[PDB]
Structures are given as structure tokens and as C-alpha cells.
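# pasting an experimental structure, sequence included:
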Amino acid sequence: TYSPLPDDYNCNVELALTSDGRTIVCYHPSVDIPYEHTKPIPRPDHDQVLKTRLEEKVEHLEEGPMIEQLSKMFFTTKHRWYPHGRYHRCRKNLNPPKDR
Amino acid sequence: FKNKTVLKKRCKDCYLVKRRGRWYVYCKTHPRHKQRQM
Amino acid sequence: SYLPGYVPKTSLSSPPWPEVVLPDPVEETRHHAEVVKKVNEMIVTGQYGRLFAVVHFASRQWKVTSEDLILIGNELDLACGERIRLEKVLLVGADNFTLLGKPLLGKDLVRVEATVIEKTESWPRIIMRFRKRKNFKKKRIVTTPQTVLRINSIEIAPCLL
Amino acid sequence: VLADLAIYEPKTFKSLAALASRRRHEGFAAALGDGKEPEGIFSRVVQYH
Amino acid sequence: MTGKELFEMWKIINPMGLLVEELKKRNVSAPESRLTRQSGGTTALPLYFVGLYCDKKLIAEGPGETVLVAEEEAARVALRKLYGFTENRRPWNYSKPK
Amino acid sequence: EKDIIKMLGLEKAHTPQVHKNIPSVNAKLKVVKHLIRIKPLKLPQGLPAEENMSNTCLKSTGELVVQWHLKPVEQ
Amino acid sequence: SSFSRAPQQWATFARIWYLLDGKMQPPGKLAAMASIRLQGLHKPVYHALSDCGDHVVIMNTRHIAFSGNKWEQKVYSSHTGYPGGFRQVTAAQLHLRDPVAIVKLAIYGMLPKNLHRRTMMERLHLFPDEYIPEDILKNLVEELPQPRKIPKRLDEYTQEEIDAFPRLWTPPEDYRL
Amino acid sequence: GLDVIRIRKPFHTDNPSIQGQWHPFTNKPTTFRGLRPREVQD
RNA sequence: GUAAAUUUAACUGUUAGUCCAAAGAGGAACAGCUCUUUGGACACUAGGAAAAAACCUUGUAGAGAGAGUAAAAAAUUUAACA
Ligand SMILES: [Zn+2]
């Protein structure tokens, strides 16, 4: 019943050796999440005469309150939300190389 | 209370006691024998 | 009912790490054969997809797979397009099975072949040395030769048993 | 390689961790004995001449 | 088509709907979508792992920023495995024919 | 001490050198004995011959083998 | 994992909320395990240039345990900048005035001294008691184990363990005790 | 014919991962009913 | 053991030095003090002592997204009493 690592989270590792002992065999089949460990997705979320037309709710906010709201929802600091000058905006490479 | 690096009893009534981190010498018979470890 | 070496359970009476019992070598020896045979049986039937192999080339270990590129900082004295075999393979792995060399796999177990596709010089490298107040200043530019290899195929053979 | 394996081959890295952990346990067992017991299965060393 | 995924070249609409039809041809019950992993659900940077289960058996698990996006990606994962166009598939054989 | 190192051919560090166990050579070694590691040379296969010059290899144990096959032991 | 390129990138660089229970735990050991999660040092894909840090939630920060006489000996000193503004308060004084200051300062001193340190402190949440806001509580993922194992009090031992432990001496019957 | 300039990586692979690229949930075990820490159901 | 040394020819340049270890002087058995001797380092690279000319590790020179190592992390909590 010996196991170097618990075969519960990632895979079932089974160490082995060859007859000559010149190669180590590692059979590690992937483990599947049991059906009993998951939660169902939350699918659910009158006398009206006028149709509910889409109403714009873009409230005007100053530079201060706008950054404070952003810094709380993304859990960052206010410093990154301030703009930068033209000198830095021109040094940025708009066509960077891409890998994979 | 006289501060002394080395605390020495000055009579048979002086007794050592450990209080507040430093040794003290108390002597009810002779109040001038009281000492505080420096 | 206490042995001469008995110690009552305290904080330091026993080692903090739990006791570990290794399997019986006689029992485990045949258990290894069962695992090796199962993995060997996965090779004859071709129950594997893409394979990644770790090879030792140019004093360097490359985690390469098929149809990828590797840049080598020296000339191999080989014409472009020639197909060669990388003899040293230290690790071959798949989605479900992995084989380890000690420290190298046998030539009868794994075969990795590459192709010379481009031989070019490196971009100019600046080598400059400067010392203050000593009038010591000299600049050197070097272009080390380079070679690009593309791994074509990584195939294994059922020789575990 | 190990850094690349730890990122792109998590299952292969766990196999190496199990091998290192097994070898680590073999040394502790050998340290408790006085050499009478044989060496561990993974503690064997391939000799090159 | 080496470093390109199946649906990166074959643009489709509603992969979840196409997954149901391919399971009907193989006599497979309708998959059930359930949440396997969850992180930052109340924040603006969430992560959902929706798992497709046929007869209480996991067939694919996919990530996403929202539940619908994660479910849509999980459907694409199942289709890739059914069609055999996974990233794990063996590379194309360019060797000389025997 | 620097001069004696040059006389013994020990310029590059971690480069084994073979010398004769004679009092005159030992006299130089006893001067720089704190800068070098001294090990005896052992010959399990004996002195290399003319046919074994190309197959020698000095192992870390101090033994000089005359058959460097680069092949795992079949035993 | 046969994912699409964008979902695969998002999952790898996602943020995971962790939970820490600070009751009867040293602040430094709490900070040591909180430091790596905040910096992202627990991920194999960690890099300084990549903001791979996570969120750490520490509860019961009021009931931390200080080893030795650190409640009385350790001093937290700060300067307001004005003359005579040099203030020095002990750990006990600071703990009563602010139950979360001790843990916050220990974690803040472990992060790298760079501009990213203040960003990592925004992803750290401290709560003096076991009460947690729903939004922060509804997005937790894993509860990291406590570093220090709390020793059991003498009244928490069951009779099975008390009777199992043998007595070492026989007291005299005439001893008043 | 490519420009003789600096090459960012000495290697280039289009399928770097075969067993699945690492994600933070790779090495985390699942709990019964997938409950969150200190969360009560029903 | 090693490969230099002397002589011949032709001239330039350096010699207002430092600190460390050691022996001994002057001062006060002070000085980052002064003055000799032996040796090292420095004005030649790099790593480590927090920053670091003089301590330790280490030299002969390039490229690498390889590897093995050198020096290299201060300890310590002390008073009863016939
Ligand atoms: Zn008195």
C-alpha cells in the first residue's frame, strides 16, 4: 500500500524498473474529477405597458473617483491607471514579435 | 535603595528576592540595607 | 508490559515525520515487471500520441518534440538538408508513460532524428572593456557561427522487457 | 529541463518527484540499518567501464 | 496546419449544439454541465472550470472567464477529443513512404 | 610557493599531474603541500602498453584503466 | 489540455483566493507562507515581470500568538516627520490599538522592496475576527494549513489518553500536597 | 534570408505541452461536493 | 623538478606609495601615527565580507537560456537557603 505521493490530485504514478536496471518506467495515467465533487451550474439568474428600452447608465465620474473604483475592482494601485506622456507612448512597439 | 552591581547582605536579616527582573535586597530591621541590582 | 527501549508518547519521543514502510523487495520486484509489461504493451499497439524527448546536444539539454526548432551556437560541418540522428536521449515521455535513462537510453529504445536547415552567423555582439582614469578602452565585435536544427521524428521501440 | 518539465509536463514532474521521494526514503532506511539489509531497488548504480 | 487548433481553422457557431448531435450518433446520453473549479466568482477576474459529464463520467473540462464561456470552451474540448484533433495527437508523418 | 607550482606543472587548477615518489620531488611537494591534493596512482590493469595508449582514462579514485569502453557492465 | 489559446492563457495566469487561520499562530510564519502566495512564488510559471500574484485572506488576526516575550520586548517604531514625532509602541500596545497591524507589518517586510510591493498589499485581506464579508468569502478556493500545530490544553485530553500515559512516581500517603 | 538580428529564444516549438500546460488547479485535490473553505451547504 | 639565465647592442620610462600579517624602534604597551625588515595584496579581473583599492576566494581574457565547486549566515540570559 506504499505510495511516495498521494495519487489524489494530479495522476497515479507507478514507478518501475527494467530487467537490466538501465531504464526507469513511469506509468502515470491521468485522474478524472468524480461526479460527486462538482456543483451544478447556476442556470437561473408584470402589468407593464411601455417596453423596457435600453437606457444608458454611463454616469460621469471625475478622474479621481474613476481610478478609485478601478483600483478596488482589480485590487491594484492608483498609479498604473494614470496616463503617460507622448514620449512613452511612442517608444512602445506596436508590432511586437509573436511566438506560438 | 542603593544600586549595586554586586548585592551583599549587610546583616542576618537581609534576604535576597527576585522581583521585576533584577535581584533586590530587603531588610526590614535596617531600611538602609535595601539594594537594587544595577 | 513495557520494553527496555520504551518511551511514553510525548512531543519529542517520536520523530515529527510519520513512519514510512518500504515495500518488500521480493514482492515489489515482480510488481515492477507487471508495470513494465503494461507500458511495453502500450508501445506495440501504438497507444501514444506526441512524444517529447530530452536530448543532450552541444553540451546542452533540449526539451524538444517533433517539428520544432533549436538554435545551436556552433558549426556542425554538415551541409544543409542532411538528416542526422541524435544519439544521446536522456528522457522520453508521453501523455501516460515516461521512460528515464540512467543516464542515457539505449539506442535500441529511442531514435531522434534532426535536419540541418540553416547555417548562419550570429548578430554582432559588442565586447567592450573600460576602466576609469586609466585610458583603458577597447571594443571588439564577434559573430559566433550558428546552426538551426529541426526535429523531424521521435520514435520508440518495444524493447523494455 | 526541470523548470520546463514543471511547467509543460506536470505529470512527468510528479513522476520525478515520486522517484526522488522514493530514493529519499531508501536512504533513510539504509541509514537505520548497518548494511546487513540489501540496498534499495532504486539505489542501485549502473557501473560504466 | 501545424500550430493551429481544430476550431482555429474550422470556425463554427454554437459548439455546444454540435456536441449534442455527435453524442446522439454514438448513443451517448446528454452531457450534464457542472462546476469543478471556481475562483474569484464575485470579482471582475473570475475563473470557471465547467465539466461535461455523460452518465456521471467526466469527458471534458474547460476553463473560462464566465460560466457560459467556460461551458462553450468545454464543449470544444469534447469535440476535439471525439474528432481526435487534440494537441496530444501524434505529429504528421513526413517520412519517406515505405 | 608560486615558483614551485610552475616547476611541478600545476598552472591550471583541478588538472591532475603525475609525478615520481622520490625525495627530491617530495621535497618540492612538502613546500606547497597545503595548495595541492596528493593521491597515489594505482594500476589495476598495470602499466599502459603501446596498444593501450589510446584507451586510457584516469578515474577520480586514482586508478588508470587501459580499457575505456564506455559501455555498461553486463554483470 | 487541448484548450483554445485564450482560455489556456487565462487559466494559467488566473488568481486564486487562499484562506489563512491566524489563531494561535506566529505572525512571521503566517507572513512567510503569505509572502510566497502574494508574490506568486508558489507557481512554477512565476516571474517578476508577470503579475502572477494571488489573493490571501487571513482571519482571526486578533488571536495571533507571539513566541517568547515578543508582546513586551518587540517595538514598532515610526516617525511622523515632524520634530518630536518619533513614536515607539510595543507589540501589545499596537495589537490593542489595531488588531491587524502586527500581521500587516510582518507581511509588508517580506515582500521585495520594489514598486510591486504596494500592489501586493492590495491583494491581502485581514480580518480581526472569524467574520468575513460574503463577497470575499464566496470566492475563496483553498485553506492553507496552519504552520504551527496548537498544543492541547490539559482539560482537552480525553480519559483514554490520560490513562494511557503512565505515572512515573508514587507520592507518599502522608503528604499534605 | 531572415534578418541577422537578436533571436529571443534558441528554441521554437508550436506544441510545447503534451500532458497539459500547468494551471493552478493541476495539483489541487477536489473536495466532496466541491465546497469552498468554511462554507456550509443546506 | 623544470626552462630559463648570463653576456652583447640600443635607448626610454618608474622611484612625493598605500594597507594587511610578522619581528623590532619612536609616541602614550594612543592614533587611518612615524621609521626599518620579511611577505602578501593593491595601482590587473571576478566572487564573497552590508556599502568596501589593501581582508578571504580566484587570475590569461570569446559565445551558450549547460555543469561541478571556492570563499561565504555570530554567539550569549547570570545570585533562595540552615
Ligand atoms: Zn540588614
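The structure has been received and is ready for your questions. Numbering: from 1, shown residues only, chains lettered A, B, ... in the order given.

# in terms of helices and strands, where is the spatially most central residue of chain B?
Nearest residue to the geometric centre of chain B (Cα atoms, centre = their mean): residue B:25, 1.6 Å. According to DSSP states H and E, residue B:25 maps onto strand B:22-26.

# that strand near chain G anywhere?
No: Strand B:22-26 does not reach chain G (Cβ under 8 Å from any Cβ of the partner chain); its nearest approach is 15.6 Å. Every residue, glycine included, has its C-beta placed from N, CA and C.

# contacts for the helix or strand following that strand?
Going down the chain from strand B:22-26, the next helix or strand is strand B:35-37, by DSSP H and E. Strand B:35-37 is contacted from outside by B:1-5, B:7-8, B:22-25, using Cβ atoms under 8 Å, 6 or more residues apart in numbering or on different chains.

# contacts only, for residue C:71.
Counting by Cβ under 8 Å, 6+ apart, residue C:71 has contacts C:146-148, H:7, H:9-11.

# and if we set it to 10 Å?
Shown in contact with residue C:71 (Cβ atoms under 10 Å, 6 or more residues apart in numbering or on different chains): C:58, C:118, C:120, C:122, C:146-149, H:7, H:9-12.

# so what's the residue located most distally from the centre of chain A closest to, chain neighbours aside?
Going by Cα atoms, centre = their mean, the residue of chain A most distant from its centre is residue A:20, 46.2 Å out. Of all residues not flanking residue A:20 in the chain, residue F:72 sits nearest, at 8.0 Å (Cβ to Cβ, 6 or more residues apart in numbering or on different chains).

# how many neighbouring residues does that neighbour have?
16 (other Cβ atoms under 10 Å in any protein chain shown).

# so it bridges to which residues?
residue D:48 (DSSP bridges).

# measure it to residue C:104 for me?
10 Å (Cβ to Cβ, to the nearest Å).

# got it, and residue G:46?
For residue G:46, the distance to residue C:104 - Cβ to Cβ - is 32 Å.

# so the spatially most central residue of chain G, which state does it fall into?
By Cα atoms, centre = their mean, the mean C-alpha position of chain G lies nearest to residue G:30, the distance being 3.0 Å. What DSSP: H, G, I helix; E, B strand; the rest coil gives for residue G:30 is helix.

# hmm, residue B:9 and residue B:15 touching each other?
Yes: between residue B:15 and residue B:9 a contact is recorded at 7.4 Å, counting by Cβ atoms under 10 Å.

# hey, where'd the strands end up in chain A?
A:14-17, A:23-27, A:39-40 (DSSP state E).

# now do the phi/psi pair for the residue in chain B positioned nearest to chain H.
Closest contact between chain B and chain H, by Cβ to the nearest Cβ, is at residue B:21 (42.8 Å). When quoted as degrees, to the nearest 10, the phi and psi of residue B:21 stand at phi 100, psi -20.

# circling back: list residues touching both of residue F:72 and residue C:104?
In contact with both residue F:72 and residue C:104: A:22, D:46, using Cβ under 10 Å, 6+ apart.

# what about residue 16, how many residues nearby?
You didn't say which chain, so I picked chain A. 23.

# my bad, chain D
Using other Cβ under 10 Å, residue D:16 has 19 neighbouring residues.

# over to residue C:122?
16.

# right, and it touches residue C:148 too?
No: using Cβ under 10 Å, residue C:122 is not in contact with residue C:148, being 11.8 Å away.

# what do these two both touch?
Residues touching both residue C:122 and residue C:148 (Cβ under 10 Å, 6+ apart): C:71, H:7.

# which residues of chain E fall in helices?
E:6-9, E:15-25, E:67-83 (DSSP state H).

# which of these sits closest to residue F:60?
Closest to residue F:60 of these, according to Cβ to Cβ: helix E:67-83, at 51.9 Å.

# that closest one: which residues count as buried?
Neighbour counts using 16 or more other Cβ atoms under 10 Å in any protein chain shown place E:67, E:69-80, E:82 of helix E:67-83 among the buried residues.

# name the helices or strands packed onto that helix?
helix E:6-9, helix E:15-25, strand E:32-39, strand E:47-53, strand E:58-64, helix G:5-12 (3 or more Cβ pairs under 10 Å, 6 or more residues apart in numbering or on different chains; DSSP states H and E).

# again, only this time at 7 Å
For helix E:67-83, the elements it packs on are helix E:6-9, helix E:15-25, strand E:47-53, strand E:58-64, judged by 3 or more Cβ pairs under 7 Å, 6 or more residues apart in numbering or on different chains; DSSP states H and E.

# which residues sit against that helix?
By Cβ atoms under 7 Å, 6 or more residues apart in numbering or on different chains, the residues outside helix E:67-83 that reach it are A:41, E:6-7, E:15-16, E:18-19, E:22, E:33, E:48-52, E:59-64, E:86, G:2-4, G:7.

# now the angle from it to strand E:47-53?
Helix E:67-83 runs at 50 degrees relative to strand E:47-53, counting by axes from the mean of the first three to the mean of the last three Cα atoms, to 10 degrees.

# what does chain F have sitting close to RNA strand I?
Where chain F comes near RNA strand I, counting by Cβ under 7 Å from any atom of the strand, the residues are F:2, F:6-9, F:12-14, F:19-20, F:24-25, F:28.

# any of those buried? List them.
Buried among these (16+ other Cβ under 10 Å): residue F:8.

# and of the residues of chain F next to RNA strand I, the nearest to chain C?
residue F:14 (17.8 Å).

# name the helix or strand for that closest one, please.
Remark: residue F:14 resides in no helix or strand, with elements defined by DSSP H and E.

# distance of it relative to residue F:61?
For residue F:14, the distance to residue F:61 - Cβ to Cβ - is 16 Å.

# list the contacts of the residue most central in space within chain C.
By Cα atoms, centre = their mean, chain C has its centre lying nearest to residue C:54, at 3.1 Å. Neighbouring residues of residue C:54 by Cβ under 7 Å, 6+ apart: C:61-63, C:90-91, D:1.

# and for residue E:64?
Counted by Cβ under 7 Å, 6+ apart, residue E:64 has contacts E:48, E:70, E:73, G:7.

# now the helices for chain F?
F:2-7, F:23-29.

# closest one to chain G among these?
The nearest among the helices of chain F, by Cβ to the nearest Cβ, is helix F:2-7 at 44.6 Å.

# the closest one packs against which elements?
Counting by 3+ Cβ pairs under 7 Å, 6+ apart, helix F:2-7 packs on no helix or strand.

# thinking again about what came up before, does the residue nearest to residue A:20 touch residue A:21 like I think?
No: the pair residue F:72 / residue A:21 is not scored as a contact, 9.3 Å apart, by Cβ atoms under 7 Å.

# overlap in contacts of those two?
Counting by Cβ under 7 Å, 6+ apart, the residues touching both residue F:72 and residue A:21 are residue D:46.

# could you measure from the residue nearest the centre of chain E over to residue E:40?
Geometric centre of chain E, nearest residue: residue E:77, 1.5 Å, by Cα atoms, centre = their mean. Look at residue E:77 and residue E:40: by Cβ to Cβ, they are 22 Å apart.

# where is the longest helix in chain D?
Longest helix of chain D, by residue count under DSSP H: helix D:10-32.

# does chain C sit close to that helix?
Yes: counting by Cβ under 7 Å from any Cβ of the partner chain, chain C has neighbours in helix D:10-32: D:12, D:15, D:25-26, D:29.

# among these, which pair sits farthest apart?
Checking these with Cβ to Cβ, the most distant pair is D:12 and D:29, at 26.1 Å.

# who's more crowded, those two?
Between residue D:12 and residue D:29, residue D:12 has the larger neighbour count (other Cβ under 10 Å), namely 27 against 15.

# so who does that one touch?
Contacts of residue D:12 by Cβ under 7 Å, 6+ apart are C:93, C:98, D:5, H:19.

# fine by me, we can end here.
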